[PDB]
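**Q** Pasting a structure below so you can have a look.
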Amino acid sequence: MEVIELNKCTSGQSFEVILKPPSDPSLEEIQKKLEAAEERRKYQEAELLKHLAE
Amino acid sequence: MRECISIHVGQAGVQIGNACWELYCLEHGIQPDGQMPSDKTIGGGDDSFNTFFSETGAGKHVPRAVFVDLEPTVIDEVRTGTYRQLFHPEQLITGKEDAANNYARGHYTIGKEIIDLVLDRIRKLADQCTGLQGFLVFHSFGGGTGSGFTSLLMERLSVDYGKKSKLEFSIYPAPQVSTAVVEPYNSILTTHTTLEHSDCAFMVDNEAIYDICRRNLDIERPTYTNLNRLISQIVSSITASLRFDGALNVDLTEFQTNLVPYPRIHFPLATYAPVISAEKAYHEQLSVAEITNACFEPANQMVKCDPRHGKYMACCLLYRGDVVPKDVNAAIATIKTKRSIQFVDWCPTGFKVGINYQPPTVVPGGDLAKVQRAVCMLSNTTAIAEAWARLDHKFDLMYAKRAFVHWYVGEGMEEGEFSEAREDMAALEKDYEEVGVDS
Amino acid sequence: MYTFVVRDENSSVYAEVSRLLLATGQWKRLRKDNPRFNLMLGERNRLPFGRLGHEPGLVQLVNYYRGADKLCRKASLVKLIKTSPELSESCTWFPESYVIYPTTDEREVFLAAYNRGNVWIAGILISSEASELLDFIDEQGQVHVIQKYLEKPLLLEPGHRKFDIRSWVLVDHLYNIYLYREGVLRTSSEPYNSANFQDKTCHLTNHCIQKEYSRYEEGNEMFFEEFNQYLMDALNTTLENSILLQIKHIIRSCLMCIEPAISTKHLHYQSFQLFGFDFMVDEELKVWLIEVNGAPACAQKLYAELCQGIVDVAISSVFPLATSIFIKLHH
Amino acid sequence: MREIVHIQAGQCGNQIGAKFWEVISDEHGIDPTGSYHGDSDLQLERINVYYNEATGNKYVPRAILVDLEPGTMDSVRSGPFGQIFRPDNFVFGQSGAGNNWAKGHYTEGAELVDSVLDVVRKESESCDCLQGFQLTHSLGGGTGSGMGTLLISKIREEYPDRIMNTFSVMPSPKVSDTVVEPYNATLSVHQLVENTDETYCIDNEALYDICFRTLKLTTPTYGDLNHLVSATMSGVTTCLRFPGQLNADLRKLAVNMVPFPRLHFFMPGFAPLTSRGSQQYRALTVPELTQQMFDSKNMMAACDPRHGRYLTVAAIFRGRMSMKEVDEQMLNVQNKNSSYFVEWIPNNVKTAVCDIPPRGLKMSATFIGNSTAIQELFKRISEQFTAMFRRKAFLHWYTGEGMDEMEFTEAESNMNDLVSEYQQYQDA
Ligand SMILES: CC[C@]1(O)C[C@@H]2CN(CCc3c([nH]c4cc(OC)ccc34)[C@@](C(=O)OC)(c3cc4c(cc3OC)N(C)[C@H]3[C@@](O)(C(=O)OC)[C@H](OC(C)=O)[C@]5(CC)C=CCN6CC[C@]43[C@@H]65)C2)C1
Ligand SMILES: Nc1nc2c(ncn2[C@@H]2O[C@H](COP(=O)(O)OP(=O)(O)OP(=O)(O)O)[C@@H](O)[C@H]2O)c(=O)[nH]1
Ligand SMILES: Nc1nc2c(ncn2[C@@H]2O[C@H](COP(=O)(O)OP(=O)(O)O)[C@@H](O)[C@H]2O)c(=O)[nH]1
Ligand SMILES: [Ca+2]
Ligand SMILES: [Mg+2]
């Protein structure tokens with residue numbers, strides 16, 4: 001119904017047409033969480049090595 | 001003029017990036033060695049294409065791109081391919097051993113060992129930028145790198161660049177081309193961890209691309225280069241406003257305001273017409289009416305789903321070729337009576353329209369016929385949550401038996417991160433349904 | 001050889017459909033959560049429509065039309081008919097109806113039309129003085145609907161008894177609209193009563209709230225042979241000319257109206273659905289639409305034939321194995 | 001470079017390993033001397049997964065040869081590709097293990113294992129990116145069985161982050177008449193259930209029944225058996241040896257095949273089944289390959305697939321053929337028998353296609369199944385085991401090497417555990 005904001009270029013054009021109207025963590029918390037599992041994992045491994053040592 | 005840095009993560013992001021930069025070079029007339037015969041801004045300039053390429057004093061135009069895979073096989077192809085002289089060694093980053101389709105191995109294990117190197121190489125580009133506005137990030141949901149490194153990068157990006165926009169082009173997993181049974185697990189994880197860090201995400205379901213290739217390119221068994229040449233058209237369409245003179249979607253912040261009133265619901269649906277086999281013995285060319293109408297057929301979307309059952313929040317039409325507005329509003333006037341296009345109470349039923357007179361560029365020897373006019377629709381419809389319910393279901397069946405979970409835990413990740421990711425996704429499906437509630 | 005899943009276990013009609021399919025020796029039935037099916041007889045609620053049509057190597061078909069509820073929920077229908085110019089106020093086969101919220105609503109608009117003989121309806125409740133009815137919908141908390149209560153119902157003799165008509169309509173994937181040649185009359189057992197609409201059973205002709213207060217016809221179910229023969233003898237017409245013509249026009253109009261919103265012509269899965277249409281016939285032999293039910297049961301006599309017509313029209317068309325009981329309503 | 005370290009141990013382990021190097025060497029264009037002859041370059045693109053290169057573009061199998069007795073090794077050295085293995089990699093003793101697990105694991109084998117690890121180390125020394133280890137051995141003798149699993153335990157302690165993979169020949173009365181094999185196999189399975197990532201259950205009962213019933217071999221030799229074994233080993237390694245997308249290295253394969261850590265024992269299949277020499281004339285159609293690939297008459301483990309449910313499945317097609325037809329035939333397998341694939345692991349069948357076919361075939365298919373029906377193989381060994389164990393018979397052969405009945409009771413319990421854990425997920 002209502003074309004609006006028409007703009008034209010050599011390249012093309014652009015506009016808007018309305019048919020009807022309406023009605024965060026930090027570098028440290030990251031390094032903490034990364035190293036929290038580099039540990040949980042290093043422990044799961046040393047536990048394996050220990051069982052193998054028996 | 002404000003620069004945009006492209007980041008391509010994993011196999012899917014790297015090969016897809018290559019397809020885009022190939023197209024970008026054809027579209028901007030930039031040879032396989034970075035020489036742009038029609039630039040007179042020799043050694044610089046603040047032109048519209050300068051948002052995506054910087055320039056060498058020697059006349060070389062070089063993508064503002066960073067590719068990064070935890071294994072070298074793919075990116076090696078890039079450092080020996082037809083566009084080698086284009087990129088410079090310091091932007092092609094490979095590890096040696098990959099994520100084994102394991103979100104945890106890419107986020108927690110092999111990620112830690114490389115996040116810094118990459119953030120280095122990314123700020124190296126941020127410093128050849130006069131007013132960098134943000135990042136376009138290309139990655140799969142299903143690989144270990146594409147899901148797990150990508151979500152790690154995103155969080156550090158929202159730390160080293162708190163005021164910059166981040167858009168994603170995300171490949172959603174489809175069994176016809178997938179290589180891992182655990183892709184659903186990786187899809188959910190990286191979405192949950194990337195959600196609050198992405199401003200707007202364009203999801204392409206390999207299922208959808210794969211069928212457009214069989215149905216409309218009559219290709220028996222689409223390959224990645226088939227899929228990726230088509231994905232590059234759609235990506236080029238979405239980014240043409242950043243690379244050319246115009247007044248619609250002129251910077252990454254505008255995609256947010258145009259497509260995303262609700263920040264969590266930042267997954268606008270792409271639809272592309274027409275896709276025509278370059279083998280077809282001449283095609284009767286399609287009108288502004290016909291291609292505009294083809295935007296409301298599910299068989300043309302990057303995600304199969306039914307926008308009839310769902311409400312709209314924003315709609316953008318992006319035209320390339322022989323199009324003038326009078327045709328556009330006549331076409332829109334018609335489809336509106338023939339089709340189920342319901343917006344939300346708090347948004348005006350309307351379309352933002354962008355026309356670039358240059359018709360779409362085809363890759364010599366690709367599968368796509370050249371055409372006089374083409375259009376990409378960007379519509380934020382709640383119907384796209386059908387793809388969330390599909391993925392969440394597959395996740396529920398496997399997780400209720402902890403199937404394969406031991407692979408992630410094995411890498412340091414806590415079983416509970418699984419359930420946290422899944423509850424966040426359960427909130428998302430809730431948001432979406434709130435907005436489409438009438439009928 | 002095809003596969004199907006049953007996810008609505010209280011469906012008389014699709015119980016017989018599954019039974020019929022198994023007994024063909026060409027339809028395996030799988031566990032209700034096995035994805036690799038052809039046919040889904042689906043739940044009546046929250047059916048996972050978004051999960052159909054993504055099984056490579058499988059043509060999938062489901063027994064409901066997503067969105068068809070807009071025709072099958074009392075207050076939805078009211079809204080569908082008013083706002084669809086396809087139907088609208090040039091509409092003459094629907095009683096005046098108003099959606100009302102138990103305190104985008106038209107409880108305001110209702111009172112002004114009441115001002116004129118006036119009788120209206122909601123276990124619900126029919127009355128004639130307004131001030132009290134609204135108090136009822138405010139008892140329960142769910143938005144129901146109030147329509148003109150037909151003060152001049154056509155009345156069967158002998159018995160002087162009110163009835164309604166039920167037609168079963170089957171919409172297939174190609175949106176063919178099929179009307180089952182056999183319909184049924186749900187016949188009030190005791191006589192209609194003019195002034196004083198406060199006893200039910202003889203006003204509300206629903207099977208349940210009647211098989212509980214009864215003579216004339218077995219099960220209070222009159223079929224078309226008898227009702228047509230009654231029509232010839234008492235009124236001197238036939239069923240087709242006097243009633244059916246109106247019905248078929250009302251079915252075709254309703255389903256054509258929502259077709260663009262629910263068709264699966266170009267969709268990654270296909271749909272068919274069985275609808276039950278309920279009409280009342282009035283004194284001047286005019287036909288009115290009461291409700292459409294999206295999950296209808298069938299009349300006991302007519303199950304074998306209808307449930308095998310579903311198999312043949314809706315299911316074997318899309319999955320072919322190794323006189324017609326419907327009338328195709330043409331559009 | 002994603003290298004793999006191959007180890008073969010004992011008589012069986014060394015025989016079937018020799019045959020595997022024979023085959024994959026032909027497939028890759030390497031000759032009885034270690035020099036490439038490829039009418040193709042697909043051959044050399046991933047050659048370094050199983051070979052190191054020398055000056056003169058010489059390739060040498062990254063294989064280690066291990067036994068407690070010098071035969072076999074001599075027949076391997078005086079065999080087809082004998083001269084092509086690195087000589088300082090034959091690592092052998094003299095006494096042998098006499099089909100006795102304890103001798104291999106605890107006494108004879110202890111004496112020899114350190115020197116095996118040194119050759120491993122030196123090979124591990126020089127990999128850009130070590131994937132892990134593949135071991136060939138039988139489970140019914142002493143060396144491959146007892147000393148093979150000791151090796152596995154020592155390697156995992158040195159390389160806890162590499163992938164452990166075995167080809168484990170299971171024992172069968174139809175093929176062998178040594179009476180203590182159920183003992184040696186229950187002791188090995190116990191080890192394998194704890195210390196490997198993937199194990200191919202190459203069952204001598206299947207190999208026998210296939211050769212006798214199907215190939216119509218009335219007097220099967222171990223060559224007939226090992227003809228089936230190298231075919232299958234050639235098949236299941238296809239995706240590691242040529243370029244590709246699916247299961248292209250061990251860890252990706254394990255992430256695809258192993259949903260629970262203990263349930264990592266796989267049923268290989270192969271199609272078409274062939275006798276050696278017996279030349280081929282009409283290739284299979286793609287639908288033929290598929291039906292045979294899943295046919296129980298083609299499995300290398302004597303288990304009934306229709307008695308269980310597939311947890312996961314990898315399928316590998318070789319030779320020039322249409323991926324569309326392959327795609328269609330695999331979907332149809334799944335959608336016509338969906339009951340047999342667990343519903344709670346969506347899309348659990350992954351398919352690869354390689355253009356190079358196996359010597360003397362134009363079309364072939366290799367199946368790798370993780371089926372709960374494998375519990376049948378462990379039940380069979382468990383029954384033979386109890387029938388001797390409840391009378392503690394022949395046990396003195398092991399107690400005399402230092403072992404306690406207790407170790408036997410543990411191995412028995414762990415394998416019965418394994419069987420019931422396979423039943424849990426079949427009834428889920
Ligand atoms: C692939 C590797 C092998 O080559 C496979 C086998 C065994 N082996 C040595 C070769 C051999 C065979 N036979 C021999 C007789 C002989 O003379 C002194 C000397 C050598 C042999 C076999 C053959 O080629 O036989 C025609 C051979 C051998 C055996 C067999 C079938 C078979 O056929 C293919 N049974 C399944 C079992 C047997 O218990 C049974 O259940 O019968 C159905 C069988 O009892 C009966 C009633 O037969 C028998 C026969 C000697 C008796 C004693 C125990 N053991 C154990 C094997 C077995 C055997 C080939 C290794
Ligand atoms: N459209 C398209 N999708 C791809 C392509 N490459 C990979 N994918 C998708 O990515 C999924 C596999 O995960 P990837 O992102 O490739 O994993 P990766 O990038 O190789 O990194 P890792 O696997 O973790 O080592 C597949 O299921 C595909 O759907 C591609 O070239 N084009
Ligand atoms: N398939 C196959 N099985 C074999 C071969 N050699 C031995 N076996 C099996 O291995 C078992 C004997 O193991 P053995 O060789 O004594 O083990 P080792 O002493 O450690 O070398 C027998 O039951 C055979 O079935 C072979 O070449 N091929
Ligand atoms: Ca410039
Ligand atoms: Mg990768």
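Residues in the structure tokens are named by chain (A, B, ... in the order shown) and by number from 1 within that chain; ligands are numbered from 1 in the order shown.
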If the limit is 10 Å from any atom of ligand 5, counting only C-alpha atoms and all ligand atoms, which residues qualify? Return them as a CSV table (one decimal) with C-alpha atoms, in the first residue's frame.

**A**
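File part-v5.csv, as written:
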chain,number,residue,atom,x,y,z
B,9,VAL,CA,36.1,-22.7,11.0
B,10,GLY,CA,36.4,-26.4,10.2
B,11,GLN,CA,36.1,-28.3,7.0
B,12,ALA,CA,32.5,-27.1,6.2
B,13,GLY,CA,33.4,-23.4,7.0
B,14,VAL,CA,36.6,-23.6,5.0
B,69,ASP,CA,40.9,-26.0,10.8
B,70,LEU,CA,42.4,-28.3,13.5
B,71,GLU,CA,43.7,-30.4,10.6
B,72,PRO,CA,45.6,-29.3,7.5
B,73,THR,CA,44.1,-31.5,4.8
B,74,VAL,CA,41.4,-28.9,3.7
B,75,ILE,CA,43.2,-25.6,4.3
B,97,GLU,CA,45.1,-33.4,14.8
B,98,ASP,CA,41.4,-32.7,14.7
B,99,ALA,CA,38.4,-32.9,17.0
B,100,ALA,CA,37.2,-36.4,15.9
B,101,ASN,CA,33.6,-35.0,15.5
B,143,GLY,CA,32.0,-31.5,13.3
B,144,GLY,CA,34.1,-31.3,16.4
B,145,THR,CA,36.0,-28.1,15.3
B,146,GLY,CA,33.0,-26.4,13.6
D,245,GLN,CA,35.1,-38.4,4.6

**Q** Kindly determine which residues of chain B lie within 7 Å of chain C, considering only C-alpha atoms, and give the answer as a ChimeraX atom specification.

**A** /B:298,305,308,339-340,386,390,439

**Q** Taking N, CA and C atoms for each residue, export the selection above as a short mmCIF file (atom, residue, chain, number, x, y, z; two decimals), in the first residue's frame.

**A**
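Saved file selection31.cif follows:
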data_model
loop_
_atom_site.label_atom_id
_atom_site.label_comp_id
_atom_site.auth_asym_id
_atom_site.auth_seq_id
_atom_site.Cartn_x
_atom_site.Cartn_y
_atom_site.Cartn_z
N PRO B 298 8.11 -23.73 0.62
CA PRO B 298 9.12 -24.40 1.46
C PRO B 298 10.26 -25.02 0.67
N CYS B 305 10.40 -26.30 6.26
CA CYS B 305 9.51 -25.91 7.34
C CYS B 305 8.37 -25.08 6.75
N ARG B 308 3.55 -20.91 7.03
CA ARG B 308 2.12 -20.72 7.26
C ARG B 308 1.76 -20.90 8.73
N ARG B 339 -1.65 -15.85 -0.08
CA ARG B 339 -0.74 -16.56 0.80
C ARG B 339 -0.95 -16.17 2.26
N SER B 340 -0.45 -17.06 3.14
CA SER B 340 -0.63 -16.97 4.59
C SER B 340 0.57 -16.28 5.23
N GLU B 386 10.89 -25.47 13.76
CA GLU B 386 10.73 -26.88 13.44
C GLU B 386 12.08 -27.59 13.44
N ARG B 390 13.30 -30.87 15.65
CA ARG B 390 13.90 -32.07 15.07
C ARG B 390 15.21 -32.41 15.77
N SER B 439 -4.49 -18.51 16.27
CA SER B 439 -5.24 -19.60 15.62
C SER B 439 -5.92 -20.55 16.62
#

**Q** Can you work out which residues are within 8 Å of ligand 1, considering only C-alpha atoms and all ligand atoms, and then hand them over as a list in words?

**A**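 If we count only C-alpha atoms and all ligand atoms, the neighbours of ligand 1 turn out to be residues 173, 174, 175, 176, 177, 208, 212, 217, 218, 219, 220, 221, 222, 223, 224 and 225 of chain D.
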
**Q** Could you report the residues within 9 Å of ligand 4, using only C-alpha atoms and all ligand atoms, as JSON, numbers by chain?

**A** {"B": [39, 40, 41, 42, 43, 44, 45, 46, 47, 48, 49, 50, 53, 54, 55, 61]}

**Q** Selection from above, N, CA and C atoms, as a PDB file, in the first residue's frame, can you write it?

**A**
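Below is the file that was written, out04.pdb:
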ATOM      1  N   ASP B  39      40.071  -1.283 -10.100  1.00  0.00           N
ATOM      2  CA  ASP B  39      40.334  -0.377  -8.993  1.00  0.00           C
ATOM      3  C   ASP B  39      41.380   0.629  -9.432  1.00  0.00           C
ATOM      4  N   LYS B  40      41.079   1.908  -9.221  1.00  0.00           N
ATOM      5  CA  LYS B  40      42.058   2.972  -9.350  1.00  0.00           C
ATOM      6  C   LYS B  40      42.600   3.423  -8.001  1.00  0.00           C
ATOM      7  N   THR B  41      41.848   3.218  -6.920  1.00  0.00           N
ATOM      8  CA  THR B  41      42.361   3.323  -5.555  1.00  0.00           C
ATOM      9  C   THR B  41      43.539   2.369  -5.335  1.00  0.00           C
ATOM     10  N   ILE B  42      44.673   2.615  -5.996  1.00  0.00           N
ATOM     11  CA  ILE B  42      45.811   1.694  -5.965  1.00  0.00           C
ATOM     12  C   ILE B  42      46.523   1.813  -4.626  1.00  0.00           C
ATOM     13  N   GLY B  43      46.519   0.726  -3.856  1.00  0.00           N
ATOM     14  CA  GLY B  43      47.093   0.723  -2.528  1.00  0.00           C
ATOM     15  C   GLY B  43      46.147   1.137  -1.421  1.00  0.00           C
ATOM     16  N   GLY B  44      44.873   1.397  -1.740  1.00  0.00           N
ATOM     17  CA  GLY B  44      43.875   1.760  -0.748  1.00  0.00           C
ATOM     18  C   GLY B  44      42.522   2.127  -1.328  1.00  0.00           C
ATOM     19  N   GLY B  45      41.864   3.083  -0.704  1.00  0.00           N
ATOM     20  CA  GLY B  45      40.511   3.485  -1.025  1.00  0.00           C
ATOM     21  C   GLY B  45      39.539   3.039   0.057  1.00  0.00           C
ATOM     22  N   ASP B  46      38.433   3.777   0.184  1.00  0.00           N
ATOM     23  CA  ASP B  46      37.365   3.366   1.091  1.00  0.00           C
ATOM     24  C   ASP B  46      36.092   3.063   0.303  1.00  0.00           C
ATOM     25  N   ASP B  47      36.205   2.185  -0.690  1.00  0.00           N
ATOM     26  CA  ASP B  47      35.078   1.747  -1.489  1.00  0.00           C
ATOM     27  C   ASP B  47      34.257   0.673  -0.772  1.00  0.00           C
ATOM     28  N   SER B  48      33.115   0.341  -1.380  1.00  0.00           N
ATOM     29  CA  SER B  48      32.202  -0.614  -0.760  1.00  0.00           C
ATOM     30  C   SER B  48      32.807  -2.018  -0.715  1.00  0.00           C
ATOM     31  N   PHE B  49      33.475  -2.445  -1.791  1.00  0.00           N
ATOM     32  CA  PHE B  49      34.195  -3.709  -1.748  1.00  0.00           C
ATOM     33  C   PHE B  49      35.374  -3.669  -0.777  1.00  0.00           C
ATOM     34  N   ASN B  50      35.922  -2.489  -0.489  1.00  0.00           N
ATOM     35  CA  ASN B  50      37.005  -2.435   0.483  1.00  0.00           C
ATOM     36  C   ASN B  50      36.571  -2.911   1.865  1.00  0.00           C
ATOM     37  N   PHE B  53      37.801  -6.738   1.127  1.00  0.00           N
ATOM     38  CA  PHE B  53      39.211  -6.815   0.770  1.00  0.00           C
ATOM     39  C   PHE B  53      39.940  -5.557   1.234  1.00  0.00           C
ATOM     40  N   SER B  54      41.147  -5.757   1.770  1.00  0.00           N
ATOM     41  CA  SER B  54      42.167  -4.725   1.849  1.00  0.00           C
ATOM     42  C   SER B  54      43.024  -4.755   0.569  1.00  0.00           C
ATOM     43  N   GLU B  55      43.971  -3.809   0.458  1.00  0.00           N
ATOM     44  CA  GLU B  55      44.749  -3.615  -0.765  1.00  0.00           C
ATOM     45  C   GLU B  55      46.242  -3.536  -0.469  1.00  0.00           C
ATOM     46  N   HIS B  61      44.467  -7.219  -4.038  1.00  0.00           N
ATOM     47  CA  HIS B  61      43.300  -7.157  -3.173  1.00  0.00           C
ATOM     48  C   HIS B  61      43.165  -8.485  -2.448  1.00  0.00           C
TER      49      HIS B  61
END

**Q** Would you name the residues within 8 Å of ligand 3, counting only C-alpha atoms and all ligand atoms, and put them as a ChimeraX atom specification?

**A** /D:9-16,67,96-100,104,137-148,169-173,175-178,181,202-204,207,222-223,225-226,229

**Q** Among the residues of range 207-299 of chain D, find those DSSP assigns to alpha helix (DSSP H) from the backbone and print them as a ChimeraX atom specification.

**A** /D:207-209,222-241,250-257,286-294

**Q** Can you pull out the residues contacting residue 299 in chain B? Cut-off 12 Å, using only C-alpha atoms, and skip same-chain residues under 6 positions away; I want them as an NGL selection string.

**A** (:B and (207-216 or 270-275 or 305-307)) or (:C and (53 or 264-269))

**Q** Find, counting only C-alpha atoms and all ligand atoms, the residue in B:35, B:165, B:176, B:190 that gets nearest to ligand 2.

**A** B:176

**Q** Residues of chain D were defined as contacting chain B if any atom lay at most 6 Å from it, counting only C-alpha atoms; please report them as a list in words.

**A**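 Within 6 Å of chain B on chain D, we get residues 246, 252, 256, 259, 324, 344, 345 and 348 of chain D.
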
**Q** Could you please select, counting only C-alpha atoms, the residues of chain A within 8 Å of chain B and state them as a tab-separated table (two decimals) with N, CA and C atoms, in the first residue's frame?

**A**
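Below is the file out_17.tsv, written as the result:
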chain	number	residue	atom	x	y	z
A	1	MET	N	0.82	-1.20	0.00
A	1	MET	CA	0.00	0.00	0.00
A	1	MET	C	0.87	1.27	0.00
A	7	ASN	N	15.46	4.99	-2.07
A	7	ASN	CA	16.81	5.46	-2.37
A	7	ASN	C	17.26	4.82	-3.67
A	8	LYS	N	17.95	5.58	-4.52
A	8	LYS	CA	18.39	5.08	-5.81
A	8	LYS	C	19.89	5.33	-6.00
A	9	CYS	N	20.54	4.40	-6.71
A	9	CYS	CA	21.96	4.43	-7.08
A	9	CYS	C	22.06	4.12	-8.56
A	11	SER	N	23.77	1.50	-9.06
A	11	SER	CA	23.79	0.05	-8.88
A	11	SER	C	22.40	-0.55	-8.70
A	12	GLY	N	21.49	0.17	-8.05
A	12	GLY	CA	20.16	-0.34	-7.80
A	12	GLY	C	19.35	0.65	-6.99
A	13	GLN	N	18.35	0.13	-6.28
A	13	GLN	CA	17.55	0.95	-5.37
A	13	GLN	C	17.00	0.08	-4.25
A	14	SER	N	16.46	0.76	-3.24
A	14	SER	CA	16.01	0.12	-2.01
A	14	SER	C	14.89	0.95	-1.40
A	15	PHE	N	13.95	0.28	-0.75
A	15	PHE	CA	12.78	0.94	-0.19
A	15	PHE	C	12.12	0.01	0.82
A	16	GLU	N	10.99	0.45	1.36
A	16	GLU	CA	10.26	-0.29	2.37
A	16	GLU	C	8.78	-0.14	2.07
A	17	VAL	N	8.02	-1.21	2.23
A	17	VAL	CA	6.61	-1.18	1.84
A	17	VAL	C	5.82	-1.90	2.92
A	18	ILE	N	4.93	-1.17	3.58
A	18	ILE	CA	4.16	-1.68	4.70
A	18	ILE	C	2.70	-1.82	4.27
A	19	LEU	N	2.22	-3.06	4.24
A	19	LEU	CA	0.84	-3.36	3.88
A	19	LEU	C	-0.15	-3.08	4.99
A	20	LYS	N	0.31	-2.71	6.18
A	20	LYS	CA	-0.51	-2.63	7.38
A	20	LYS	C	0.40	-2.45	8.60
A	21	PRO	N	0.06	-1.56	9.54
A	21	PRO	CA	0.95	-1.33	10.70
A	21	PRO	C	0.61	-2.26	11.86
A	22	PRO	N	1.38	-2.20	12.99
A	22	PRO	CA	1.29	-3.24	14.03
A	22	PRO	C	0.04	-3.20	14.92
A	23	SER	N	0.24	-3.13	16.24
A	23	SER	CA	-0.85	-3.17	17.22
A	23	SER	C	-0.33	-3.11	18.65
A	24	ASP	N	27.65	-12.57	30.40
A	24	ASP	CA	28.59	-12.49	29.28
A	24	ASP	C	30.02	-12.51	29.84
A	25	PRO	N	30.66	-13.68	29.78
A	25	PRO	CA	31.81	-13.96	30.65
A	25	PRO	C	33.11	-13.34	30.16
A	26	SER	N	34.09	-13.32	31.06
A	26	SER	CA	35.35	-12.62	30.88
A	26	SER	C	36.50	-13.60	30.66
A	27	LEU	N	37.59	-13.08	30.11
A	27	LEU	CA	38.73	-13.93	29.76
A	27	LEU	C	39.11	-14.85	30.91
A	34	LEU	N	37.97	-23.52	31.14
A	34	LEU	CA	38.83	-24.37	30.32
A	34	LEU	C	39.72	-25.24	31.19
A	36	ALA	N	39.27	-26.02	34.24
A	36	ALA	CA	38.50	-26.91	35.11
A	36	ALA	C	38.40	-28.31	34.52
A	37	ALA	N	38.36	-28.42	33.19
A	37	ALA	CA	38.26	-29.71	32.53
A	37	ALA	C	39.60	-30.24	32.05
A	38	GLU	N	40.59	-29.37	31.82
A	38	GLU	CA	41.94	-29.89	31.64
A	38	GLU	C	42.42	-30.64	32.87
A	39	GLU	N	41.81	-30.36	34.02
A	39	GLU	CA	42.08	-31.06	35.27
A	39	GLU	C	41.23	-32.32	35.39
A	40	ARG	N	39.90	-32.18	35.33
A	40	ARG	CA	38.98	-33.32	35.37
A	40	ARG	C	39.46	-34.45	34.45
A	41	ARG	N	40.10	-34.06	33.35
A	41	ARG	CA	40.65	-34.98	32.38
A	41	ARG	C	42.03	-35.50	32.79
A	44	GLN	N	41.24	-38.15	35.36
A	44	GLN	CA	40.75	-39.37	34.73
A	44	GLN	C	41.89	-40.17	34.12

**Q** May I have the residues within 9 Å of range 154-168 of chain D as a ChimeraX atom specification, using only C-alpha atoms and disregarding those fewer than 4 positions away in the same chain?

**A** /A:45,48-49,52-53 /D:13,113,117,120,130-139,145,149-150,192,195-203,233,250-251,254

**Q** I want to know what sits within 7 Å of range 5-14 of chain C, based on only C-alpha atoms, with residues of the same chain fewer than 2 positions away left out; could you give that as a PyMOL selection string?

**A** chain C and resi 16-18+29-32+37+39-44+297-298+307

**Q** Taking only C-alpha atoms into account, find every residue of chain D that has an atom no more than 10 Å from chain C, and write it out as a ChimeraX atom specification.

**A** /D:327-332,334-339,341-344,346-347

**Q** May I ask which of the residues D:152, D:303, D:315, D:406 is the closest one to chain A, counting only C-alpha atoms?

**A** D:152

**Q** Using only C-alpha atoms and all ligand atoms for the distances, tell me which of B:261, B:89, B:106, B:268 is nearest to ligand 2.

**A** B:106

**Q** Neighbours of residue 320 in chain D within 9 Å (only C-alpha atoms; same-chain residues fewer than 2 positions away dropped), as a list in words?

**A** residues 318, 322, 354, 355, 356, 357, 362 and 363 of chain D

**Q** So that I can check the secondary structure, give me every residue of range 88-195 of chain D assigned strand (DSSP E or B) by backbone DSSP, as a list in words.

**A**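 The residues of range 88-195 of chain D classed as strand (DSSP E or B) are residues 90, 91, 92, 130, 131, 132, 133, 134, 135, 136, 137, 138, 163, 164, 165, 166, 167, 168, 169 and 170 of chain D.
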
**Q** Find the residues near residue 361 in chain D: any atom within 10 Å, counting only C-alpha atoms, skip ones fewer than 5 places away on the same chain, and give them as JSON, numbers by chain.

**A** {"D": [272, 274, 279, 280, 281, 282, 283, 284, 318, 319, 356]}

**Q** Quick one: of D:194, D:153, D:312, D:326, who's nearest to chain A, counting only C-alpha atoms?

**A**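 Among the listed residues, the smallest separation from chain A belongs to D:153.
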
**Q** Which residue out of C:104, C:24, C:205, C:179 has the minimum interatomic distance to chain A when only C-alpha atoms are used?

**A**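 Between C:104, C:24, C:205, C:179, the residue approaching chain A most closely is C:104.
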